[PDB]
Amino acid sequence: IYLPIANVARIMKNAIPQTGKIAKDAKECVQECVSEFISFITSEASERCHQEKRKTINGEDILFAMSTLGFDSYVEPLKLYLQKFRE
Amino acid sequence: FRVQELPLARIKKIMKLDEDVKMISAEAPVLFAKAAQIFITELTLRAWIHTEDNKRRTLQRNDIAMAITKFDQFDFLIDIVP
Amino acid sequence: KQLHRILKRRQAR
């Protein structure tokens with residue numbers, strides 16, 4: 001239930017100085033944090049969709065859950081990424 | 001790193017662990033792939049503050065634990081990094 | 001902002 005450790009590690013490496021190192025257990029920690037992030041947002045969206053008797057978690061439900069939970073700054077880059085992904 | 005490389009099937013599998021998730025739209029995993037890249041990058045940068053504050057150049061799990069305590073947006077990781 | 005969702009996620013985990 002985790003994203004591939006090499007992808008997580010590549011994103012981490014791009015964030016720190018080129019000379020820095022990342023311990024294996026820190027890559028594994030971030031791997032777990034990512035999965036919890038996805039589950040945390042999904043839980044918020046899924047409760048809302050249930051309250052509204054809707055059977056599909058849509059993109060707006062994920063974005064709204066992110067906005068509610070402190071990640072409103074993600075909404076605009078995600079919309080742009082999705083639009084560009086589909087164009 | 002290109003966000004398109006993240007496996008959408010794995011993101012969907014994680015979402016599907018939720019007890020109230022029935023169907024998921026096609027776009028939801030795509031949005032989470034980009035969100036994952038933003039989240040990892042910000043968390044790593046915030047942990048690296050503590051790496052350097054401790055006069056180290058290796059990012060360690062304790063640095064991530066400290067970063068989580070210093071940003072409200074990471075409050076939800078309280079049990080993941082104890 | 002996250003507190004109620006955290007309490008809930010703990011039961012799910």
Side-chain angles (χ1 to χ4, degrees), chain A residues 1-4 7-9 11-17 19-43 45-47 49-50 54 56-63 66 69-71 73-75 77-78 80-82 85-86, chain B residues 1-3 5-7 10-15 17-21 23-48 51-52 56-65 68 71-81:
Chain A
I1 65 144
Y2 303 102
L3 293 177
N7 311 320
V8 175
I11 301 163
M12 304 175 68
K13 287 222 153 313
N14 290 341
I16 62 187
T19 67
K21 306 179 177 180
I22 303 163
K24 193 192 147 149
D25 66 295
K27 301 171 173 170
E28 287 168 351
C29 176
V30 170
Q31 192 181 30
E32 299 174 72
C33 292
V34 168
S35 287
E36 184 58 29
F37 171 76
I38 294 164
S39 293
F40 176 71
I41 301 301
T42 295
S43 173
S46 75
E47 177 150 39
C49 278
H50 181 266
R54 293 182 290 105
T56 299
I57 311 294
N58 63 41
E60 283 79 25
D61 300 315
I62 297 307
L63 295 174
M66 309 167 156
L69 298 168
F71 307 91
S73 74
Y74 285 45
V75 174
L78 287 217
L80 182 141
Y81 177 74
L82 174 61
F85 182 103
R86 291 195 289 209
Chain B
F1 183 79
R2 270 201 101 181
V3 170
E5 292 211 26
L6 293 176
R10 184 40 54 98
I11 294 170
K12 180 176 175 152
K13 198 177 175 202
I14 296 161
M15 274 191 83
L17 301 167
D18 188 284
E19 292 199 277
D20 287 300
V21 162
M23 299 169 288
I24 301 158
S25 75
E27 15 145 44
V30 174
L31 295 166
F32 269 127
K34 184 60 180 186
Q37 187 224 39
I38 294 169
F39 175 79
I40 294 166
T41 298
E42 187 71 18
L43 176 62
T44 300
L45 292 173
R46 289 183 171 250
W48 183 257
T51 307
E52 279 204 357
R56 283 189 276 101
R57 302 247 298 290
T58 304
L59 201 160
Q60 288 164 355
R61 165 185 298 241
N62 71 291
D63 297 325
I64 298 163
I68 285 162
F71 192 19
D72 297 334
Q73 209 186 236
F74 297 160
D75 272 0
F76 75 99
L77 296 166
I78 178 189
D79 304 330
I80 306 283
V81 202

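In what follows, chains are A, B, ... by sequence order, proteins preceding strands, each numbered from 1. All heavy atoms count here, side chains included; hydrogens, waters and symmetry mates do not.
Residues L43(B) and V30(A) are in side-chain contact: their nearest non-hydrogen atoms beyond the backbone lie under 4.5 Å apart. Between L59(B) and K21(A), the closest side-chain pair of non-hydrogen atoms is not below 4.5 Å. Using a 4.5 Å cut-off on side-chain heavy atoms (C-beta onward), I57(A) and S25(B) make no contact. Residues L69(A) and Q73(B) have side chains not in contact (no heavy-atom distance under 4.5 Å, counting atoms from C-beta outward). A heavy-atom distance below 4.5 Å is found between the side chains of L78(A) and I38(B). Taking 4.5 Å as the limit, every side-chain heavy atom of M23(B) sits out of range of all side-chain heavy atoms of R54(A).
Put simply, the residue from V81(B), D79(B), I80(B) that forms a side chain to side chain contact (heavy atoms under 4.5 Å, CB included) with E36(A) is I80(B).
At a cut-off of 3.5 Å, with distance as the only test, no side-chain donor of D18(B) or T42(A) sits close to an acceptor on the other residue.
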Start with the C-alpha distance between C49(A) and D20(B), add both sets of side-chain angles, then the distance that settles side-chain contact (heavy atoms from CB on, under 4.5 Å), and finish with yes or no. CA-CA 9 Å; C49(A) 278; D20(B) 287 300; over 6 Å; no
When you look at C33(A) and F39(B), which way does the side-chain contact (heavy atoms from CB on, under 4.5 Å) test go after all the steps? CA-CA 9 Å; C33(A) 292; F39(B) 175 79; 4.0 Å; yes
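Taking the six-membered ring where the residue is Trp, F76(B) and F40(A) present parallel rings, their angle staying beneath 30° rather than reaching 60°. Taking the six-membered ring where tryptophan is involved, the planes of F32(B) and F37(A) are perpendicular, since the angle between them exceeds 60° and thus also 30°.
Here the OG-CD1 distance, from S35(A) to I14(B), works out to 3.5 Å after rounding to the nearest 0.5 Å. Separation of atoms CD1 (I40(B)) and NZ (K27(A)) is listed at 13.0 Å; rounding is to 0.5 Å. Residue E5(B) holds its CD atom at 6.0 Å from CG of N7(A), rounded to the nearest 0.5 Å. Distance check, rounded to the nearest 0.5 Å: CD1 of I16(A) to OG1 of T58(B) gives 8.5 Å. Atoms CG and CG, from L31(B) and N58(A) in turn, are 9.5 Å apart once rounded to the nearest 0.5 Å. One distance of note links OG1 of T56(A) with CD1 of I24(B); it measures 9.5 Å at 0.5 Å rounding.
The two residues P77(A) and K34(B) come nearest to each other via the heavy atoms O-CG, 4.5 Å. The minimum heavy-atom distance linking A26(A) with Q60(B) is given by the pair CB-C, 3.8 Å. Annotation for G20(A) and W48(B): closest pair CA-CH2, 3.7 Å, computed over non-hydrogen atoms.
Here the side chain of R10(B) pairs a donor or acceptor atom with the backbone of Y2(A) at under 3.5 angstrom.
For chain B, the nearby parts of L3(A) are the backbone and the side chain; heavy atoms of each come within less than 4.5 Å. Contacts between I64(B) and chain A at a heavy-atom distance below 4.5 Å involve the side chain alone, from C-beta outward.
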